[PDB]
Engineer: 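Sharing a structure, written as structure tokens. Questions coming.
Every chain is numbered from 1, with letters handed out A, B, ... down the list of sequences.
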There are 2 protein chains.
Amino acid sequence: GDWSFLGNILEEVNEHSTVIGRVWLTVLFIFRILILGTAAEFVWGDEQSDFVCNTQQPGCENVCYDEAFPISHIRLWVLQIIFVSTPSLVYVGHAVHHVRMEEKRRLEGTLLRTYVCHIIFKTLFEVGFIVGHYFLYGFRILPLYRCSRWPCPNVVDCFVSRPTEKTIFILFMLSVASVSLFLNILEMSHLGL
Amino acid sequence: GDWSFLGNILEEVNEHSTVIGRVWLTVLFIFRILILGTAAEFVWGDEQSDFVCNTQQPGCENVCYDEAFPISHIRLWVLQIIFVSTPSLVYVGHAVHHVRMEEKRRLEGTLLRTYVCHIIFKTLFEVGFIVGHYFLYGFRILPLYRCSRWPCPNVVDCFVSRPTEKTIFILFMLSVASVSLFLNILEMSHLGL
């Protein structure tokens, strides 16, 4: 997809942020969005097309693929990016609002609170998405999925496409998110000092 | 198949037998062999060809059909006929042997024992085949057979050809065999008197 607008706003943010914050935005762009667009999206391109179940029951493949993957990982990661970005948008909006107010007439006591809260919310969203991914899928995609969802007769064997590659990228994204967390915590500590 | 030779011998027997015995041979011919040849054999003609399993596993249909029907009913009935006929052959052979012996030089004390024993053995074979059929297949062929025999993945659904018609003929043959038993018992009683 096209991320140009979000990139515009976030680049604008870069100016109004801590050094750790600029590192965080660089990470967001390079190791999440770029990889999604150029590496991961191709990996999941044939997720359902090459999902194959050992049966001749009509509709069994559509229901078994939907059971194994209620939301695809790539879409989960899209949502994750958007939600961890939103607070930064809030903060830069507050900043530009104060700027226009001063013109009509940096991290002051008024902004500081908003900035800290935005770091806090980035952290909360990151942790939430990581936990949700863990419970939904674990962190490994196994090649065999056994499904007993109607209309499938008894339990059928279905086989996932590219399970090892998908696992590699799952773990890669997990690590990127953990790095984001570390950065957020160090930024809170730096402000504290 | 061609039953002409057995028919020759058994027709020869008809002369050397009790009235109940002639009824028994008439039953054997009309209600077992004729039906097999003209009715039942067509019913089971497509037993494996129209046996269908819901799977795309190669070899699953050959192993699931062999599990459901280790011996086909028609072949079981063939064997049954042959084995219940053998003792009558023994007895008529004994009779012709005594005839030739007398020529060189009816139910006497010598034959009577053999005759009674041959009735007894007809009865034993009939009972044995009936019991064996009961344990192997019950007396109803259900339309759905569920099979978990390698190479089938998990349990698969297989569907039998002509289950209701096959059930009708199963019960018909059971009844014929029971009539044979009643005849044998009445023949033993008649001799006893």
Engineer: Would you say CZ of A:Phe51 has more than 12 non-hydrogen atoms from neighbouring residues, nucleotides or ligands within 6.0 angstrom?
Structural biologist: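 Yes, enclosed.
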
Engineer: Taking everything shown except B:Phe29 itself, do over 12 heavy atoms lie less than 6.0 Å from its CZ?
Structural biologist: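 Yes.
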
Engineer: What are the sub-3.5 Å donor-acceptor pairs between chain A and chain B, distances to 0.1 Å?
Structural biologist:
| residue | atom | partner | partner atom | Å |
| --- | --- | --- | --- | --- |
| A:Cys53 | O | B:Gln56 | NE2 | 3.3 |
| A:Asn54 | OD1 | B:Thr55 | OG1 | 3.3 |
| A:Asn54 | OD1 | B:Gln56 | N | 3.3 |
| A:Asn54 | ND2 | B:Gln57 | OE1 | 3.2 |
| A:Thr55 | OG1 | B:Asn54 | OD1 | 3.3 |
| A:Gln56 | N | B:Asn54 | OD1 | 3.3 |
| A:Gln56 | NE2 | B:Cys53 | O | 3.3 |
| A:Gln57 | OE1 | B:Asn54 | ND2 | 3.2 |
| A:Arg146 | NE | B:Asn154 | OD1 | 3.1 |
| A:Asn154 | OD1 | B:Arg146 | NE | 3.1 |
| A:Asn154 | ND2 | B:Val155 | O | 3.1 |
| A:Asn154 | ND2 | B:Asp157 | OD1 | 2.7 |
| A:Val155 | O | B:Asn154 | ND2 | 3.1 |
| A:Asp157 | OD1 | B:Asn154 | ND2 | 2.7 |

Engineer: Taking only residues two or more places apart in sequence or in another chain, which ones pass side chain to side chain contact (heavy atoms under 4.5 Å, CB included) with B:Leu136?
Structural biologist: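 Per chain and number, B:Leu136 pairs via side chain to side chain contact (heavy atoms under 4.5 Å, CB included) with B:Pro70, B:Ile71.
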
Engineer: Listed by chain and number, what are the side chain to side chain contact (heavy atoms under 4.5 Å, CB included) partners of A:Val19, not counting sequence neighbours?
Structural biologist: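 A:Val19 satisfies side chain to side chain contact (heavy atoms under 4.5 Å, CB included) with no residue once adjacent residues are dropped.
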
Engineer: A:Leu111, A:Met188: one ILVMFWY side-chain cluster at the under-4.5 Å cut-off?
Structural biologist: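 Different clusters.
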
Engineer: Check which hydrophobic residues are tied to A:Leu144 through side-chain heavy-atom contacts below 4.5 Å, counting indirect links as well, and list them.
Structural biologist: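 Its cluster partners, ordered by chain and number, are A:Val52, A:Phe159.
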
